[PDB]
Structure formats: C-alpha cells, structure tokens
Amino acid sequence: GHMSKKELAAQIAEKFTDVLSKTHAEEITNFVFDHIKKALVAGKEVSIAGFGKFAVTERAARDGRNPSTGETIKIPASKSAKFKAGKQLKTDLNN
C-alpha cells in the first residue's frame, strides 16, 4: 500500500478537525517536512523521538581513474540524508 503526503495531511485534518482546517493541515504537514529539510540543509541531525533520526550524509570524494587514460581523477563528494529508524519503530515493525 501507499500513503502520500496529501493522504497524511487529510488524516491530520480528519483527526484534528477541532484544531485546524484541511487547508491548514496541508500547510502544516508541508511545513513539517520543509522544516526538517531546512534543518538538514543547515547541517542539523533531526531526531524524532519514537520515530527515528535523519542526518545528512556525504558520499566522500575519492580517487578514481580515468578509464581510458589511467589519469587520477577525483570522484566528487555528494550529500544525501539518511534515516535511522528508532527502536520503537523497529519494535512496531517486528511485532
């Protein structure tokens, strides 16, 4: 199965209709992930208790070879973000 962000936001809106509208639920859901992204972009690890942690990772630069010339190259570094599932999520998935 699948659950999208819009579906998440719709569930928020349905379960918190006393708190906020469907439009605000979508705004806030978008803000959750935007803010998490902003934090990763700022180099922060984002820890979400009961859920897990996000950290920026960097594929390190390293020596390669030009295959044709056997000249030393640099394979460039690049960043990504990694999630490590927390203990509670791991427990819930293994029940």
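Numbers for residues come from their place in the sequence shown, where the first is 1.
May I ask you to compare 43 to 51 and 65 to 73 by their mean CA B factor in the entry and name the higher one? Averaging CA B-factors over each stretch, the winner is 65 to 73.
Select between 54 to 62 and 29 to 37 the stretch whose C-alpha atoms have the higher average B-factor in the entry. Averaged over C-alpha atoms, the B-factors run higher in 54 to 62.
Classify residue 11 as lowest, middle or highest third according to the C-alpha B-factor given in the PDB entry, relative to its own chain. Within its chain, residue 11 is a middle-third residue by C-alpha B-factor, going by the deposited values.
Residue 3, C-alpha B-factor rank within chain (lowest, middle or highest third): Within its chain, residue 3 is a lowest-third residue by C-alpha B-factor, going by the deposited values.
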